[PDB]
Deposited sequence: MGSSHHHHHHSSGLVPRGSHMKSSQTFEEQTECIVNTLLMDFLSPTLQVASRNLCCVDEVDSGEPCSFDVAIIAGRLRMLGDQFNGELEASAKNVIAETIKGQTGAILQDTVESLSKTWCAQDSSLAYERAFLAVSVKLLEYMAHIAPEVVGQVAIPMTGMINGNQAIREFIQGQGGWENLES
């Protein structure tokens, strides 16, 4: 169910970025999506170098490797300059803001990052335990 909830949330976030018509026209994903976007907007680091590399490897069919390494790198960098910020919360924030930027910069190919990012979050134990420890997706933020 948690794995399915992650899929819906990433779909909702992506659908909202690409089609604001669908957002308006259409476990409440809408409220969760909103809170993740609010958390995503707290990141102000450079994403141009990051987004381009992730997109490049996504086309080539090697999203898995670079995607987690990119999010982990930007999350560690942010946690080093923000002692208050938890690593697990930083990881989600960067993932949502990177998904946002990649949609604006590359709307044609961004959809091929949806499945990898879902697999990354579901596959990561540190991030999964943190989300469920906060009462799950429903209560996160």
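Engineer: Return the ranges of the deposited sequence not covered by C-alpha coordinates, sorted by sequence position.
Structural biologist: Sequence ranges with no C-alpha atoms are 1-25, 52-67, 183.
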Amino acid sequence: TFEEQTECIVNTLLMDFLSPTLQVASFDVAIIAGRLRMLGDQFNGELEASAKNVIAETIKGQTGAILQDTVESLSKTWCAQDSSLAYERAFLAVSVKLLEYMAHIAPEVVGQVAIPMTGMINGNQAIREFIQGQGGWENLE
From here on, numbers count along this sequence of modelled residues.
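Engineer: Quick check on the record: does 84-92 or 46-54 carry the larger mean Cα temperature factor?
Structural biologist: Per the deposited B-factors, the answer is 46-54.
Engineer: Comparing 29-37 with 59-67, which has the greater mean CA B-factor as deposited?
Structural biologist: In the deposited entry, the stretch with the higher C-alpha B-factor mean is 59-67.
Engineer: Quick one: which of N11, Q132, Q23, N122 has the biggest Cα B-factor according to the entry?
Structural biologist: Highest CA B-factor of the listed options: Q23.
Engineer: By the record's CA B-factor, is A126 among the lowest, middle or highest third of residues in the chain?
Structural biologist: CA B-factor rank for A126: lowest third.
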